[PDB]
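First, one chain by itself in structure tokens, the form deposited in one PDB entry.
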């Protein structure tokens, strides 16, 4: 009852003035410079990258917990709403408290899933929760394990801020546990996909009080609260919901810049036949998969790194069971503002560059002339690039052996760069006055660029023959 006139925990709390939708919000990198299209050579390949700008907005109410077995979050706790909470390390507030009622959502306990906790402390609520679970176990004595409520998330990685908001996890967890090379992703040197299998055993909620005072023992004053950190930019909160279980995170990673990485990946998780295709097996040959289990009942820093996804499938399969007789730890939670008793949400807004690539490979044209006549060739093609504007630039090339007599068995190779386009191969027999009035033995336009383009000409002057194959 300071010289402040806010001297009733209720008025002290009610007279707080804050924007509930702006106190817990965080806007990630808001950024602006890039090239729309790009052509890059790397080894025996040509990568074409395209960039769009995208924007993601989120307002999760379910907040991810970092240190599962050290995070002393419990239903009915008091926290401050600020940047610390948003950084997954909220400030707790301890004071003498009035009892609180807790409820667990396990199935088949309707009507007997509540318990009053006189002294609401991490340890004393944990015991109450344990009581509740024992009750369920007493009722269903021969059911020692239940399926976990799995929630599946999936997404490609483009930026630290994009993927965190997308999966609703601290970026540190992905960078540290799965080890995500955000710079490789940025330079499109690696394409990464991240899966998240959230395994919820059950959740426990605390009955919302109709007045902030009902939570606090009467010896606690609004002063003690401000002293503890309550203010306009640090509004008081109560944990109303806590989810218990564990999470399986998976990273699929490749050096392929192929337009089919996401589908190839997708095919592998689903185990659809398409995964046996060869454009996919090639990508799989240059991919690696990592799986880590975080949360309850997992020895910290466990990890699996493989090239055989079946090992990943095993980790997903093995960690979806909930043993009702073994301890469980908080995995996430939701909070309510003490003021209007409304659910607290963390607002995130962030732009990011979305990249889509295509991978081209070097190839060669193989000419074979076994025809009983003199012939001349004309081989031409363009080499594509992209100016700063992302616009195409074509540079015309031609085989130095064009328009030159070739007789009974000639063999050559005309290597092509991975960025070769508008490829045309022509061969004319030499009966007539000149090139312009000579018979076509083979005439191809827009020959698709592959590993090997095999052109062969044979036959007689009267009846030449020819074919073009690919590899």
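Positions refer to the first chain, counted from 1. Note that the rigid core is defined as the largest set of C-alphas that superpose within 1.5 Å between two forms.
Higher mean CA temperature factor, per the PDB entry, when comparing 132 to 140 with 397 to 405: 132 to 140. When the mean C-alpha temperature factors of 388 to 396 and 217 to 225 are read from the deposited coordinates, 217 to 225 comes out higher. Residue set 29, 429, 444, 62: peak C-alpha B-factor at 29 (per PDB entry). Ranking 268, 298, 379, 106 by the C-alpha B-factor listed in the PDB entry places 298 at the top. Sort the chain's modelled residues by C-alpha temperature factor and residue 455 lands in the lowest third, per the entry. Among all modelled residues in this chain, the alpha-carbon of residue 423 has a temperature factor (C-alpha) in the lowest third. Annotation for residue 212: CA B-factor lies in the highest third of the chain's modelled residues.
In this PDB entry, residue 368 carries a Cα temperature factor that places it within the middle third of its chain's modelled residues. Sorting the modelled residues of the chain by their CA temperature factor places residue 46 in the middle third.
The discussion below concerns the form deposited in another entry, not included here.
With the core fitted between the shown form and the other one, just one of 105, 181, 233, 224 shows a Cα displacement of at least 2 Å, namely 224.
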